[PDB]
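One chain follows as structure tokens, the form deposited in one PDB entry.
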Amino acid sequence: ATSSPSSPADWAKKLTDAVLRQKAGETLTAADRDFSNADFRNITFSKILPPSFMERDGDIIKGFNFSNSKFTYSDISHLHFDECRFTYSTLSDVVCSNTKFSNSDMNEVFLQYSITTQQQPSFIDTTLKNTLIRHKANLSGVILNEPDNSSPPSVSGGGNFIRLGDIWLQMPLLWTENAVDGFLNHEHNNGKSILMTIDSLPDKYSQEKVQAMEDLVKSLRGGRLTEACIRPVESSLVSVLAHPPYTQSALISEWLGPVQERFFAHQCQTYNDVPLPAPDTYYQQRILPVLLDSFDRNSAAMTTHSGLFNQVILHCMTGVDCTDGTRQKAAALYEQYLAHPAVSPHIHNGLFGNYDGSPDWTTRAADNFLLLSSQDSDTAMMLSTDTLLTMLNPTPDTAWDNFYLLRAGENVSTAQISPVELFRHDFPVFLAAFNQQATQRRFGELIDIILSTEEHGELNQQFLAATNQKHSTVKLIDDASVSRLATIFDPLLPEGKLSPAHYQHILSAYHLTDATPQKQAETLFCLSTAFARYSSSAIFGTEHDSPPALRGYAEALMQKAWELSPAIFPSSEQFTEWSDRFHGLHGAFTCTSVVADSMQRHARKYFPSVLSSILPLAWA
């Protein structure tokens, strides 16, 4: 009868029958598709529907009436609903990863869905009149209407409500560290945030977008925090609000002014003397234009912070995802830089750019970059776009002699002076890049000692590759991996302790053969933290499984450090507690990237110089 009024199981079964007949080619009457008042509470639909219903471009649930239904706590992930009515339904705490709703009426529904949801749901040609939605959704295809007179939905707790067209969004009550992250930080939340949600609306609704954003900014201002609390999300904020159509809002623009200045000042403090991590698509499209704008508003910072300035310009010119406008603006700003009294002297007729005191941006081999010294007024470096790229993001085989040293209107000789020494005194960003290359080289050498390239090519390459990313798709927890790793690490750990021979190899690789017991211990501590990270859920381990061979090796590194110089440790049983969590007494079921976190925190506190010189940068 397309019907049944019993349990959730009974409802779900009638729906599956109807949807299967639909798939069979049968045309169902409106009576057959009437699931008004349906009880679908706690149903996992993937367990009751054929696989085709959850696949990309698979089967779809078309033309059903689910008025005033209960989907509470159910799992509708990866389903596609087309031409359905959800009016008055409860979808509170529903798992809806990548669920699509198209051509549907989802008016007056409760849609604060479960945070266990992975992919945002998306809404195409669908109305959400007076609907309370969680602030993470793809609204690229929603239909908006003029808001009515109604009161915000009745709710148990939380903050005030804002309109997004005729949709309701709930604000947090306070903007705590937790709320700031959950609402604003799309950078640390896989591209999801209220900022991205409001911004996903079609361009025909630019008015509604600005209005909703103004209301959020009002909430934010209405008891804002400080620099410590806004700091984690300054980047996410400017990534969206420093672009049209939010630029046309007098209210947003006024608020954003100080936020962007703080953001810019922070970048100047962090990346003037340290290489900016190679910008990805997001950074090139949303952040670089903001940095250009800040330099445009504070032209003095171009020469005061030429380390950061030159990096930004470089990435604007070479990023595959930068707009033409971004490149042109970068070039225009660079011209102002070159016109500066402190820079113009160094522009040397026979070597710079097109040779007429302007760069040649049509080629990467032209020497278009001049970098002022951080210490001496009269000295500069000149190099090509190609060279600067490689010196900022060094590779194992990058040379540090492909630049021109300028001074006194002359191309000076760089023979009989090591790049290191020049960088230390005059070019801090390159000292950092040089040290990064060195640190990577030495860690690589240790990898080669442990994992020979001739026997374990695949693993050596993976161990090497894992050092340049925060996360890994490679997990060494299958039987073959565990067996192979046991073969590599265990033989270096007789009785669970570092072999004396292996310890000497470490000493030679890190040139500590003549060093103090302390510097030796601190180095071993940091290496122990590195291998603890390898074994964590982020790299080669999962959340519930951490390769025992990697844990044993990290533990023994820490033991030898303790033997060498116990005073480097904070306590007797602090050493014991970490040792215990490295070990699998069979009572440790799940977790620790915790040992790595705790140990690393201690390293930054007491020997942050040793840590930075040992740890791969991406893991810092």
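From 1 onward, residues are counted along the sequence shown. For clarity, a rigid core is taken as the largest C-alpha set superposing within 1.5 Å between two forms.
We do not show the form deposited in another entry, though everything after this point is about it.
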Threshold 2 Å Cα movement between the shown form and the other one for residue 510, core superposed: yes
query: Comparing between the shown form and the other one on the rigid core, is the C-alpha shift at residue 473 2 Å or larger?
result: yes
query: Taking the shown form as reference, are the C-alpha positions of residue 117 and residue 538 brought closer or pushed farther apart in the other entry, with a change of 3 Å or more?
result: closer
message: Just to spell it out: taking the C-alpha atom of residue 428 and the C-alpha atom of residue 515, is that distance smaller or larger in the other entry than in the structure shown here, given it changes by 3 Å or more?
response: farther
